[PDB]
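First comes the structure, then the notes that go with it.
Only the coordinates and a few stated rules stand behind these numbers; no lab work does. Neighbour counts run over all protein chains shown; Cβ positions are idealised from the backbone, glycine included.
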Amino acid sequence: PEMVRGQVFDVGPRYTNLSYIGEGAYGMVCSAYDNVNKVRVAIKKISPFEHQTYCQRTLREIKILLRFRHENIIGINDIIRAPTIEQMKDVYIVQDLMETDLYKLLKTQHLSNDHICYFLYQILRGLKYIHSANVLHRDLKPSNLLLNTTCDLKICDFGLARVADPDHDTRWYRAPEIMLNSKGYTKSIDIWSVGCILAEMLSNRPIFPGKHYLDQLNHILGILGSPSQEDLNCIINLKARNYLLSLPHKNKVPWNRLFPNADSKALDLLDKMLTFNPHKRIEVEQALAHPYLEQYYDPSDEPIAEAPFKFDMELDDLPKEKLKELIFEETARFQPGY
Ligand SMILES: Fc1ccc(-c2[nH]nc3c2CN(c2ccccn2)CC3)cc1
Ligand code: NI
């Protein structure tokens, strides 16, 4: 087995010629040569078994990505783990290798309005599918948006993905309702993140680069202005609400002042996605039908999921040893002699 950044990547003999791509909370990503398909692939090594929360994330991502089938959503082509449950310490998820991500592209490249439009379209096309299956991503950011050599875009990293239930509920792309209204299962949280990504594509810099929770709220309020009484007359964390009420008045900054060169239709859609109140924020289908996306909007070519996604078990209640058995079972079909 090859060693990448001092750590073991036990993916041979099929996968070789490893090269580091990145790491984070998702684990470590390498590219490798697949000697069967005769192409380079992406391999993600995860070590989640010591924590129940990491076990839940691993299982959710495997189940969702193996069910989903959409051009703007990354799939899972293969999964490597040990022959026995006692020996299984790591899981390797094998996926299509892309050319870059939007984080790397935004650090080196200025995008034309046609490419901002096209990328925003593909993000929403993928999000329409996810939301149609009653699922929300919850962690949309530029490093989770993959691009190939021909500008085809794929959303990845479904570790924090959950089945939506809206009726009752860095940090740079996090909706205010996550930090205030204790919401984590409303599709609107993904729209806010897409709004943050759109703003970043327009200027090559994060719109709300908060260093911490309070600083994040100050950045949002610095553009949107003070929340209205209605924006605050909802379910909100007492500490958060008292903090907001203790602050001096902040004026709203018009979108054209922050992005003076942006297409006015792009700013109009940006205004609708970056709305403080989640109940007043534009939804995915309405965002696809906005005049900014007219050149690419094609409802006859925007697949939706066959049925809502559902977990057969209460994953949050299961001890990590039980989750490990379900992961072992879910990954059995990728092993020899199945
Ligand atoms: F410059 C790059 C070139 C290729 C990729 C790529 N291609 N295919 C994948 C990835 C990254 N990736 C990720 C990234 C963050 C979280 C989970 N998974 C796994 C799937 C990324 C950057
Ligand atoms: Ni409720």
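Along region 315-325 the Karplus relation, 6.51 cos²θ - 1.76 cosθ + 1.60 evaluated at θ = phi - 60°, assigns HN-Hα couplings of 4, 5, 8, 7, x, 3, 5, 6, 4, 4, 5 Hz to successive residues, with x for each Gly and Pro. Mean residue ellipticity, 222 nm, helices only, the chain: the sum of -39500 (n - 2.57) across DSSP H runs of n ≥ 4, divided by residue count and rounded to 500, is -10000 deg cm²/dmol. Rounded to the nearest 20, the Cβ-based charge dipole of region 1-46 about its Cα centre (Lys and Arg +1, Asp and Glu -1) stands at 100 debye.
Computed from label points 7 Å out along Cα-Cβ, the spacing between residue 247 and residue 96 is 4.0 nm. Using the Cβ-Cβ distance between residue 114 and residue 338 with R0 set to 30 Å, the FRET efficiency works out to roughly 0.05. Rounded to the nearest whole Hz, the Karplus-based 3J(HN,Hα) values (6.51 cos²θ - 1.76 cosθ + 1.60, θ = phi - 60°) of region 34-45 follow the sequence 8, 6, 8, 7, 6, 9, 8, 10, 9, 10, 10, 8, with x at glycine and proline. Between residue 38 and residue 167, how high is the FRET efficiency from 1/(1 + (r/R0)^6) when r is the Cβ-Cβ distance and R₀ = 41 Å? Nearest 0.05. The value I calculate is 0.25. For region 121-132, the Karplus equation 6.51 cos²θ - 1.76 cosθ + 1.60, evaluated at θ = phi - 60°, returns couplings of 4, 4, 4, 5, 4, x, 5, 4, 4, 3, 4, 5 Hz by residue, with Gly and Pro reported as x.
Which one of 245, 159, 8 is farthest out on the positive end of the charge dipole of the chain, using unit charges on Cβ (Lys, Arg +1; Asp, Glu -1) and the Cα centre as origin? The residue sitting most towards the positive pole is 245. Near residue 162, the amide H atoms lying under 5 Å from its own belong to 136; only residues 5 or more places off or on other chains count, and H is placed 1.01 Å from N. Dipole magnitude for the chain: about 880 debye, using +1 per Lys or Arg Cβ and -1 per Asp or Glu Cβ, origin at the Cα centre. Using r as the Cβ-Cβ distance of residue 311 and residue 234, and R0 as 35 Å, what FRET efficiency do you calculate, to the nearest 0.05? E between residue 311 and residue 234, to the nearest 0.05, is 0.80. Rounded to the nearest 20, the size of the Cβ-charge dipole of region 247-338 about its Cα centre is 760 debye, with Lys and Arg at +1 and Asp and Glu at -1. The H on the amide N of residue 22, modeled in the peptide plane, is under 5 Å from the matching H of 29, each at least 5 residues off or on a different chain.
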